[PDB]
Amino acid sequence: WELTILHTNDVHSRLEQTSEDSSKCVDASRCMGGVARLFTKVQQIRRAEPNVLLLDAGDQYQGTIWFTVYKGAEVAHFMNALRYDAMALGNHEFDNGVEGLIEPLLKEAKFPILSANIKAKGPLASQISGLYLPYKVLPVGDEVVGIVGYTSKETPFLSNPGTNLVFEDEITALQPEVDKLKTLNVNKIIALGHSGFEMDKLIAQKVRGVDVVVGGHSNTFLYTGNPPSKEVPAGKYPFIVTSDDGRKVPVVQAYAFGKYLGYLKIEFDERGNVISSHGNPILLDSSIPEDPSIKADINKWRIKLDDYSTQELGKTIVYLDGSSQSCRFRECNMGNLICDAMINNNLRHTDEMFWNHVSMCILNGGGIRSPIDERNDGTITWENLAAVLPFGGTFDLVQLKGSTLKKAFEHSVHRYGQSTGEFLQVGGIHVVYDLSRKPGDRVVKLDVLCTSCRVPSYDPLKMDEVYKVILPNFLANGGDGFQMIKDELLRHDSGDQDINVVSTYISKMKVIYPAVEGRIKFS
């Protein structure tokens, strides 16, 4: 019995086709992804193959103005139009709190939404009961397939789920549900979830009875053969795990941003054992036409985005100096504003051990692409912010040793004076440079804002300590020559869209007035 699994993950609000690097589409003949093109390919496959499941492994929420304006209603609408068969909850599905999940998505989706390791308490438990499920048994052809969901246990540190949800260890929560399905004579089991490739491999190894793992979160690209685009595979597709019980369990993921459709064919025997599997993600490039009806619907929904983009978000009473002559040479108030917004976006529910889990931010000055002039009655719109931050990136959370962060600050000024983009703007960090010293030895003081303290204050950076830092995805991936960040980081989770982080902060503050205050000094 042959099953075709089509799967997406970490689509992150890329409803419209994108450029090759998942930023805004500019040259249509070279654009990729989007839901209209996905529809064409899914429909084609469903014409030809009898036993098809279309699955999403989470993180449809967050990533473009679509999510800012429609807040998940676009996810329900377009996933319903595609006829997804099931979705697992990702961390970003909690970005607008549990109510921002229930109302736009759980109540509107025409497919089951799954997570076995999220447990509710208090009145919420009654309010949400049955709106997401630990698993669903789905009819496929003349057979049935069980799908058991899971969501990163780190979600409370990455999103805004509130204090009435408990995120249990994935393997601990999954095993009893898989065991239950076995007792109900469901012998074909897919684990669909949102914890990252490393956890996916552990689930494949340790959760007895799982036949295939369909994952997400880590934006992992897997491929068998020559890759079709610029993404570099982390492993073959599928990635085969040898389980504790000796079975071969395929693990799949399909990058992010709707650029690829995962495609896995599995051959099962009559007892539900995987005999073999093979496939590859399908690049959704311009050789696949956008479905005209979906495209027309997208264009209709875009009108409200255009309208929103020119509305006042808030006001500034200061010039927002995002000039290169400032931001590539010294502390600039636009950089301070953006870092302050990054930290504010990452205020998460703490225990008593930390005032907040993260206090620190770095931002390459070359990422700041425009000033904003305060003389238009102080108004700031989304369009103004999109001129400052035009790359379509995210502000991500990483863990870095102090030694790595010192190397990054040396890199920031190693060729100072040439208006290069690597000069760092900061938050929660006070740095002093002495440019008369040799490159590599110019950082003479580096103090950081504590997190494990009830009163935030600055102390010297410690070379062995691990620090949480918010920074652009561009830097987390080693852009601007920051190879030490890519190579030495100890954890990396994708964050919110850059423009939206700043827009939310401005709207919360209403009137902003960022100063240059001595975060960066020169001896």
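The first residue of the sequence shown is number 1, and the count goes up from there.
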Look over 197-205 and 182-190 in the entry and identify the one with the greater average Cα temperature factor.
182-190
Going by the average Cα B-factor in the PDB entry, point out whether 447-455 or 267-275 comes out higher.
267-275
Selection from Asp59, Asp27, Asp498, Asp493 [criterion: highest C-alpha temperature factor in the record]
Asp27
Just grab whichever of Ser22, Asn9, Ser13, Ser503 has the top CA B-factor as deposited.
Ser22
Compared with the other modelled residues in the chain, in which third is the CA B-factor of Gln399?
lowest
B-factor third for the C-alpha atom of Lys295 within its chain
middle
Chain thirds of CA B-factor: placement of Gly100:
middle
Using the B-factors in the PDB entry, rank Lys486's C-alpha atom against the chain and give the third, lowest, middle or highest.
highest
Lowest, middle or highest third: where is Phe391 by Cα B-factor in its chain?
highest
